[PDB]
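Participant: Sharing a structure here in structure tokens format.
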Amino acid sequence: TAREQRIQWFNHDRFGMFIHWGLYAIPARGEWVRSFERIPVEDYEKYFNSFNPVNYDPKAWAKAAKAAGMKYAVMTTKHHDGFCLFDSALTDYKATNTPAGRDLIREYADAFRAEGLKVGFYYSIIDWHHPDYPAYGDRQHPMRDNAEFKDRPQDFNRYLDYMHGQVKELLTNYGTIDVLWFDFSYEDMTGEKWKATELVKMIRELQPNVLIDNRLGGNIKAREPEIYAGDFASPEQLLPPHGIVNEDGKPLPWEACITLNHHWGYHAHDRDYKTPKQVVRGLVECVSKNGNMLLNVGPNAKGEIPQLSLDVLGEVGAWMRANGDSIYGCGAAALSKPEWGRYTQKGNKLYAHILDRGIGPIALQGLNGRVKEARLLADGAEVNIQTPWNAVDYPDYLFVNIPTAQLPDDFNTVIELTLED
Amino acid sequence: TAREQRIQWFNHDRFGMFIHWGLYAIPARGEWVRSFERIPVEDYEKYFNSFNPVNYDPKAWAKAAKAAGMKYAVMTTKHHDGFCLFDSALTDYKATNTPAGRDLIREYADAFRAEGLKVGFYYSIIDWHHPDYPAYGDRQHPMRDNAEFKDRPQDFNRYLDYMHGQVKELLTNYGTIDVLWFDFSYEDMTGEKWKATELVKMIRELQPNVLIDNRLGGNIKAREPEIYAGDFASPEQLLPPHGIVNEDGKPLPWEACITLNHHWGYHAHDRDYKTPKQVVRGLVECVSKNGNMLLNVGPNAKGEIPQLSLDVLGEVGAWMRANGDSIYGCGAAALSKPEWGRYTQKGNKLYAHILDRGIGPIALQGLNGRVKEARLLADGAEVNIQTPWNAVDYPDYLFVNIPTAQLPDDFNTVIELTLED
Amino acid sequence: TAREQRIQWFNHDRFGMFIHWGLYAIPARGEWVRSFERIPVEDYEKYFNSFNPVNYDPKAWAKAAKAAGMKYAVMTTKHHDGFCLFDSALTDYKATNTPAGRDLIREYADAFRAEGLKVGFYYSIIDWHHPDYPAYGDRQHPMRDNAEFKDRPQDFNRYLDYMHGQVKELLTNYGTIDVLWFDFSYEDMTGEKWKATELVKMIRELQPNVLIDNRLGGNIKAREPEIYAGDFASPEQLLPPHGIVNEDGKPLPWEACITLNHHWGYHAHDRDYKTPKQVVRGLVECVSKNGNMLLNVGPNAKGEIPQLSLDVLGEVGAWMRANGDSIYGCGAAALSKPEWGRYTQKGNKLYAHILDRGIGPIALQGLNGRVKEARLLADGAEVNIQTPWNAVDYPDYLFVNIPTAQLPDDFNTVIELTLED
Ligand SMILES: OC[C@H]1O[C@H](O[C@H]2[C@H](O)[C@@H](O)[C@@H](O)O[C@@H]2CO)[C@H](O)[C@@H](O)[C@@H]1O
Ligand SMILES: OC[C@H]1O[C@H](O[C@H]2[C@H](O)[C@@H](O)[C@@H](O)O[C@@H]2CO)[C@H](O)[C@@H](O)[C@@H]1O
Ligand SMILES: OC[C@H]1O[C@H](O[C@H]2[C@H](O)[C@@H](O)[C@@H](O)O[C@@H]2CO)[C@H](O)[C@@H](O)[C@@H]1O
Ligand SMILES: OC[C@H]1O[C@H](O)[C@H](O)[C@@H](O)[C@@H]1O
Ligand SMILES: OC[C@H]1O[C@H](O)[C@H](O)[C@@H](O)[C@@H]1O
Ligand SMILES: OC[C@H]1O[C@H](O)[C@H](O)[C@@H](O)[C@@H]1O
Ligand code: NA
Ligand code: NA
């Protein structure tokens, strides 16, 4: 019941902003740059010492997210590079010791909270800076192939204490936190290796309603999962072909995390953006399969969401002002996907998402005499659903009649169907 | 055997041009105008007297059609209004007696034959001009409610001699004809009322290989149908939700006849055209369901294919030049329609028609291990069909990786999959 | 004087087309694909077996080239992968044994020569197919790291027979060849390893006027260049900061070879194309430094120059139609590069290439009293070169006055200045 209760807002809200920001925004080629260029800590220091986000305005970020129709955010407090954007009492490697001279995470949390957005923190359990985190031979440590680190003396338990402490700070010093998005478990760096059981007990004594993703280890699909296996699953850079279900076939909460371009952190030459049309359609696809979408922005080193990112969000937002009822509080319908688009549903309201006008009337299989009313969501206008003369040979189908050659909305034209009961 | 042999070219070719043209291009408000405005013959004579197409160049027409990827054409030799565009020996109400002084059908037939298109003739079995065709009480004769025409002299046998005679002329005086498209039976005006059996015996005596539509009455869906039931079915202003089959579920040749705007004949104020994207996706749909598409143009009173119609056809043609292998000679795959578009197939070539890029790799159900090569049809380029890292939880899918945020072709990006065996 | 005489056409003509085509158009991610993916010959065979360009029309290629203002071409007869596009008697790995069954180089040579363009052949002295070319341990051979190839029996002399044979075929079987573009020498695979002296002596017995590039090894900048050092230098994917000179500071003939996108071979997802404006400016820059530009196209597997390449070439051509006098037969002026653009020169015609209108009148340092007439090259109109009232304090300058805020031509507005003798 507690599990079911704390996840309600999340399932209802459907659409979030991911935010990846850090020192990596200066090299501006990806958050993994220490790893793929094997950059030791001394060489990353020039980014630490020059990080000065003079145009950082998270109230403008939050207004952008809200206007986009997003209901929650998740921001990187510390990525794999170990740099804390928050004012930790446990390290010096944090934004308050850069020219930023401030807690960037407090500004984020206050701005998003004040717009009515739920406040999420991302926290990398990987740490390429902490000297006790394993390095020589690790799958992706920057110094994984540097023999100067082989058999260097380490106590992983100190890293864990550090990590457990930082999580405590995040859940004590920033008000109410709706999501903790850990990242990620791999090979033997999974489960109890993090003291995950203990981590999660501590978390639920501090903020019992917080939602955790499924990256600490374990198996969220098990009927009786471990305590750290997560409240929701997190497919990445794809939309599952089917909603994610557990081993009994029960729907699990899930959220697809998706980049706007191809990159999480700011990438100075990646302008290969998704269109607002694809963003809308992906959100609708996630909802149509009982899931959420977490759409990422990577702000530049000056602390700006890139203009192309904002242009996309503004148009998505225009669509959501008209069509949001078919997203918020909605889920999958018990019908196969139709030829012409997708369905989402909320009680006795079945939303037909017309992605492809086709030619002539639109055929909704299995719904003849199950629909009491049909209305265009965007304007509340009646849609004619009488079988036209040229379609009388197809009585298993309901027909929607659109008298224009093109749809009124090319992103997605939504028809609200009120089902008989 | 005879039935299968003669339809082969038609099933192969898939894509043709309907041409509605005649006196009704002057009132320019639809070919039913006499009917719906109850115009007597004397009032419509003004169109007969002023019909003089200054710019009728059926060689231009044929080049536009060929360029569009159309393989065949069907032109109106006489419509419901009874005006004949060919030089009939059986009436004076023909194009050679207008100021045009030409046999427009001869010109059409020659010009299209010259470009290598198959030549089809449409003949209205309804006639609102012939004195022996039923008028008073008719479902749609112009004079149906004019009681001054109740009890007018009538020998319907003379209309049948006229009709059977004109079809004999079309099939003797104009070389090899590939399609005869009759239109249409209604109420008691059906089947043997037309002497359909003697008509078709006459037709097959003269040109045994001609294809006939299914509007003479009859039931083409019957296990052994009437001899006049037709070679192909003719759904209209809709693309059937499923391919047309007979009672046993055997697939029938069929063809969807579709307007470019809302009108068959030229409508001077109808600029609500389908886009080239829509046309390409309509044809693909038809082929995916074992069917043809016959797309209409309605020339204006001067003999011109309207410029908006030529614009559409020009772009359709650019697509067909790159992608016609996925159309010509193809039909249905034995696979459900996939989420992202549609399949068409030819031997071991399965064509994936990507109509929505979605987000992430494109998931093809049931095809892992079943595909040997994948290539973009438009340029011959190799496509990567390796399961990406973020998709390993879905082993019953084949994944197509597209490295750009948008498809190369927004109409329809086609992927030629070479199947194993 | 042999050397000077045969290079004059090259220096005069300035602008050429590079064409990279072969089996690598299919995998469509660069001609180095065997090397960067360590592909063995057996897995590349799928491309040999499916190579059948449906739309290879080198007459169309040549018209495109001619209309761009290009005067010569150079085409890959055989790239690093060893596949020959010409009907060699010395190998079976050639285009007449693919489904194409064509000598692609013969058609190229005939098409270009008929349009009046000089005909160039590019030939890779590197060969990743020939069994005697060094593989294990080679800098870039596909099997360079494959243990199976270590210490297998090889005789490099057989590769030199093959290669010298193939060069003799190119120079005997295809008429007059104006350019031979060899590629490339590296580490120990340089100079007399190729038997380059014998190669060049043979070349010059067969076609004494052929121009050769500088990639067989040795030093074209030397005072005493080897016989195989070349007639022209070949900087790549940049425009050198100053014209190429030898050790005595004498100008050498040079050509910058430049891709239209980022790739030589066809790349199916690289649309990052240079604009016509950059193409013009780069040609101008090359000429302004006494060099040539060789601009590359990478045709697709069907043998089409990509649409986007053709768009750039046609807009370049339109500029060359008006302004080509400032390119052909032109070279460097003895002046520093001006603030507003660049100079080219031909006899007493000094062409000022206005790349940047600035604000107000344009200052040409050092030319006050040295210019008789000024004309706009495109329309032959006069240009006012009187010192304006607001510019009398600057008498070491000639001023060009443009009465409009913007230039007539944004690519480059060329003023022809006739010099006082
Ligand atoms: O092709 C000759 C002629 O055709 C049309 O002329 C019409 C005219 O507009 C009507 O008012 C009436 O007189 O019938 C004519 C046809 O005989 C075109 O309008 C005209 O441009 C053209 O010369
Ligand atoms: O199925 C193997 C087949 O591939 C090619 O056939 C093409 C044909 O060239 C096109 O005109 C169109 O019909 O699509 C076909 C399927 O790809 C080869 O040309 C042919 O040799 C081979 O049998
Ligand atoms: O020009 C002949 C033919 O070439 C291409 O056919 C390819 C086909 O796409 C591949 O799957 C494989 O079968 O090799 C064929 C060539 O041998 C074009 O795709 C096709 O349109 C064309 O007719
Ligand atoms: O979900 C996106 C996250 O996971 C990615 O796979 C990387 O670890 C990190 O760059 C990012 O924060
Ligand atoms: O196929 C379209 C045909 O049928 C239509 O229903 C009408 O009879 C006529 O306008 C047209 O020729
Ligand atoms: O000049 C360009 C040539 O050199 C390039 O560096 C590659 O070797 C080859 O793709 C090309 O033919
Ligand atoms: Na209207
Ligand atoms: Na790229």
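Ordered as shown in the structure tokens, chains take letters A, B, and onward, while each chain numbers its residues from 1 and ligands are numbered from 1 in the order shown.
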Could you please extract the residues within 8 Å of ligand 1, counting only C-alpha atoms and all ligand atoms, and hand them back as a list in words?
Facilitator: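 Listing the residues within 8 Å of ligand 1 gives residues 49, 50, 51, 52, 53, 54, 55, 99, 100 and 302 of chain B.
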Participant: Based on the backbone DSSP call, show me all residues of stretch 56-301 of chain A assigned strand (DSSP E or B), as a ChimeraX atom specification.
Facilitator: /A:72-78,84,94,118-124,179-183,186,189,211-212,233,236,245,251,254-259,267,292-297
Participant: With a distance cut-off of 12 Å and only C-alpha atoms, select the neighbouring residues of stretch 155-160 of chain B, excluding the residue or stretch itself and same-chain residues fewer than 2 positions from it, and output the selection as a PyMOL selection string.
Facilitator: chain B and resi 82+90-91+125-135+151-153+162-168+189+192-196+198-199
Participant: Please identify the residues whose atoms come within 8 Å of ligand 2, using only C-alpha atoms and all ligand atoms, and report them as a PDB file with N, CA and C atoms, in the first residue's frame.
Facilitator:
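Wrote part.pdb, looks like this:
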ATOM      1  N   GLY B 324      10.414   2.675 -55.970  1.00  0.00           N
ATOM      2  CA  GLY B 324       9.445   1.837 -56.652  1.00  0.00           C
ATOM      3  C   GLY B 324       9.662   0.342 -56.550  1.00  0.00           C
ATOM      4  N   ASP B 325      10.865  -0.131 -56.245  1.00  0.00           N
ATOM      5  CA  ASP B 325      10.966  -1.583 -56.034  1.00  0.00           C
ATOM      6  C   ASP B 325      10.066  -2.094 -54.916  1.00  0.00           C
ATOM      7  N   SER B 326       9.672  -1.247 -53.952  1.00  0.00           N
ATOM      8  CA  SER B 326       8.912  -1.701 -52.784  1.00  0.00           C
ATOM      9  C   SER B 326       7.419  -1.688 -53.134  1.00  0.00           C
ATOM     10  N   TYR B 328       6.155  -1.939 -57.029  1.00  0.00           N
ATOM     11  CA  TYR B 328       5.951  -2.744 -58.227  1.00  0.00           C
ATOM     12  C   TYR B 328       6.321  -4.192 -57.942  1.00  0.00           C
ATOM     13  N   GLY B 329       5.363  -5.078 -58.243  1.00  0.00           N
ATOM     14  CA  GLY B 329       5.541  -6.484 -58.080  1.00  0.00           C
ATOM     15  C   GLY B 329       5.383  -6.965 -56.642  1.00  0.00           C
ATOM     16  N   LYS B 346       8.114  -9.118 -51.724  1.00  0.00           N
ATOM     17  CA  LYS B 346       8.353  -9.693 -53.060  1.00  0.00           C
ATOM     18  C   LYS B 346       9.415 -10.793 -52.873  1.00  0.00           C
ATOM     19  N   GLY B 347       9.023 -12.076 -52.940  1.00  0.00           N
ATOM     20  CA  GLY B 347       9.963 -13.190 -52.808  1.00  0.00           C
ATOM     21  C   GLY B 347      10.676 -13.082 -51.462  1.00  0.00           C
ATOM     22  N   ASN B 348      12.011 -13.056 -51.483  1.00  0.00           N
ATOM     23  CA  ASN B 348      12.816 -12.923 -50.241  1.00  0.00           C
ATOM     24  C   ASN B 348      13.143 -11.453 -49.875  1.00  0.00           C
ATOM     25  N   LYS B 349      12.586 -10.481 -50.604  1.00  0.00           N
ATOM     26  CA  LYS B 349      12.721  -9.095 -50.237  1.00  0.00           C
ATOM     27  C   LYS B 349      11.515  -8.633 -49.393  1.00  0.00           C
ATOM     28  N   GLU B 416      15.159  -2.242 -47.387  1.00  0.00           N
ATOM     29  CA  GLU B 416      15.058  -3.500 -48.038  1.00  0.00           C
ATOM     30  C   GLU B 416      15.732  -4.550 -47.162  1.00  0.00           C
ATOM     31  N   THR B 418      16.721  -8.412 -46.799  1.00  0.00           N
ATOM     32  CA  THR B 418      16.841  -9.674 -47.554  1.00  0.00           C
ATOM     33  C   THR B 418      16.622 -10.769 -46.566  1.00  0.00           C
TER      34      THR B 418
ATOM     35  N   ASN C  52      25.431  -3.199 -58.339  1.00  0.00           N
ATOM     36  CA  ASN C  52      24.847  -3.009 -59.638  1.00  0.00           C
ATOM     37  C   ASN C  52      24.187  -1.645 -59.748  1.00  0.00           C
ATOM     38  N   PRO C  99      27.723  -7.844 -60.811  1.00  0.00           N
ATOM     39  CA  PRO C  99      26.481  -7.781 -61.587  1.00  0.00           C
ATOM     40  C   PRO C  99      26.418  -6.573 -62.531  1.00  0.00           C
TER      41      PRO C  99
END
Participant: Would you kindly report the residues of chain A within 12 Å of chain C, using only C-alpha atoms, as a ChimeraX atom specification?
Facilitator: /A:269-272
Participant: If you count only C-alpha atoms, which residues fall within 6 Å of residue C:78, apart from same-chain ones fewer than 3 positions away, as a list in words?
Facilitator: residues 82, 83, 84, 123 and 124 of chain C
Participant: Which residue out of C:142, C:265, C:137, C:191 has the minimum interatomic distance to residue C:44 when only C-alpha atoms are used?
Facilitator: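 Comparing C:142, C:265, C:137, C:191 against residue C:44, the winner is C:142.
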Participant: Looking at only C-alpha atoms, which of B:299, B:310, B:12, B:417 is the one that sits closest to residue B:333?
Facilitator: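 Closest residue, counting only C-alpha atoms: B:417.
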Participant: Give me, as a VMD selection string, all polymer residues having an atom no more than 12 Å from stretch 388-390 of chain B, counting only C-alpha atoms and skipping those fewer than 6 positions away in the same chain.
Facilitator: (chain A and resid 234 to 240 256 to 258) or (chain B and resid 360 to 363 397 to 403)
Participant: What's around stretch 246-253 of chain B at 10 Å? Count only C-alpha atoms, leave out sequence neighbours fewer than 3 positions away in its own chain, and write the answer as a list in words.
Facilitator: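 After dropping sequence-adjacent residues, the list is residues 4, 7, 8, 10, 11, 213, 219, 220, 221, 222, 223, 224, 230, 231, 232, 233, 234, 243, 289, 290, 291 and 292 of chain B.
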Participant: Write the residues of the preceding selection, restricted to C-alpha atoms, as a short mmCIF file (atom, residue, chain, number, x, y, z; two decimals), in the first residue's frame.
Facilitator:
data_model
loop_
_atom_site.label_atom_id
_atom_site.label_comp_id
_atom_site.auth_asym_id
_atom_site.auth_seq_id
_atom_site.Cartn_x
_atom_site.Cartn_y
_atom_site.Cartn_z
CA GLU B 4 -5.07 -15.37 -63.04
CA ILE B 7 -4.68 -9.96 -63.94
CA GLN B 8 -0.88 -10.46 -63.54
CA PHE B 10 -2.35 -5.29 -62.92
CA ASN B 11 -1.28 -6.86 -59.62
CA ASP B 213 -14.26 -3.86 -62.48
CA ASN B 219 -20.69 -10.96 -56.40
CA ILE B 220 -16.92 -11.23 -56.95
CA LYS B 221 -16.58 -12.50 -53.35
CA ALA B 222 -18.62 -15.66 -54.28
CA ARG B 223 -16.67 -18.95 -54.67
CA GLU B 224 -17.62 -19.18 -58.38
CA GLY B 230 -15.44 -8.58 -62.47
CA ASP B 231 -11.71 -9.19 -62.33
CA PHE B 232 -11.07 -6.72 -59.52
CA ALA B 233 -12.96 -5.05 -56.63
CA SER B 234 -13.25 -1.22 -56.49
CA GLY B 243 -7.22 -6.60 -48.00
CA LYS B 289 -2.91 -5.15 -48.26
CA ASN B 290 -2.52 -6.83 -51.69
CA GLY B 291 -4.13 -3.92 -53.58
CA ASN B 292 -3.71 -1.19 -56.22
#
Participant: Give me the residues within 10 Å of residue A:421 as an NGL selection string, counting only C-alpha atoms and dropping any in the same chain fewer than 5 places off.
Facilitator: :A and (348 or 370-372)
Participant: Write out the residues from the selection above, keeping N, CA and C atoms, as a CSV table (one decimal), in the first residue's frame.
Facilitator:
chain,number,residue,atom,x,y,z
A,348,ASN,N,-13.5,6.0,-18.4
A,348,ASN,CA,-14.4,5.8,-19.5
A,348,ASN,C,-14.0,6.8,-20.7
A,370,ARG,N,-19.6,1.0,-29.1
A,370,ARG,CA,-19.0,1.0,-27.7
A,370,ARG,C,-18.7,2.5,-27.2
A,371,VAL,N,-19.0,3.4,-28.1
A,371,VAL,CA,-18.6,4.8,-28.0
A,371,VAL,C,-19.9,5.6,-28.0
A,372,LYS,N,-20.2,6.3,-26.9
A,372,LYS,CA,-21.3,7.1,-26.7
A,372,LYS,C,-21.1,8.5,-27.4
